[PDB]
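In structure tokens, the next block holds one chain alone, the form deposited in one PDB entry.
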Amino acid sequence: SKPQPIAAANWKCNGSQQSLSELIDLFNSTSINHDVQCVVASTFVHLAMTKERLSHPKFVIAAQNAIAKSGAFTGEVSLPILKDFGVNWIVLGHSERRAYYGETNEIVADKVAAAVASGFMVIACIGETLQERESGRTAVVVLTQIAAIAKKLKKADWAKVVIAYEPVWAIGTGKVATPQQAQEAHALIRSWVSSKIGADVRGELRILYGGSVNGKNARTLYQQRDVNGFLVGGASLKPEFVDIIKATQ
């Protein structure tokens, strides 16, 4: 029925050597019996630790970002670096970066294209803000976003890409997002891929939900056709992240 689920933990701009250890021991000791890809996206600074600490065979490490070329860009970290370092997963185009870091669709397509081409598994993020949503621009918005990334990939390139649909509109505006709402957004994406690339890609594609996921609503979300996992913010710094993996079958 569904492709391999992913359980993605987005640690953001948080952490501490002591706290992150604790969790790592917890994750490690978790028992997972089903086919699931677990991913821990940590700050660049903590990659080393998580890298040589995560014992769990169901878990890989991710970078929350990068640039495509090494060079003169003080403060930044590129793919070549990451690649040498031993990280083959990366999250790009997250709403937080889109919002405060200059990240345009044109910029996200380039990062993505760069990453894939250099070998990386990518969790390319997309989603519409409350503004776009209320003004009836959800379909124009997501299709544009996913169109832009597509414009750079070849059909074969899809094997390296995952999509995380973020309900920006419902991310800290005081709104809720129902599973029927998630589903529609996912369904859009699925559709477009199916229609513009091939049903063969579409059926293999993973579309993650990047909204507000906790231990309770994890399953009700997963229970929906086009929800192939999650990209978790808050509950990923917490033990309930384990519940989140369990909820993916």
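Note that residue numbering follows the sequence shown and begins at 1.
Omitted from view is the form solved in complex with a small molecule, to which the following refers.
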Heavy atom contact within 4.5 Å of the small molecule in the entry with it bound, the stretch among 204 to 212, 185 to 193, 30 to 38, 48 to 56: 204 to 212
Any non-hydrogen atom of residue 128 within 4.5 angstroms of the small molecule in the entry with it bound: no
Heavy atom of residue 239 within 4.5 Å of the small molecule in the entry with it bound: no
4.5 angstroms heavy atom contact with the small molecule in the entry with it bound for residue 172: yes
Non-hydrogen atom contact residue 231 with the small molecule in the entry with it bound at 4.5 angstroms: yes
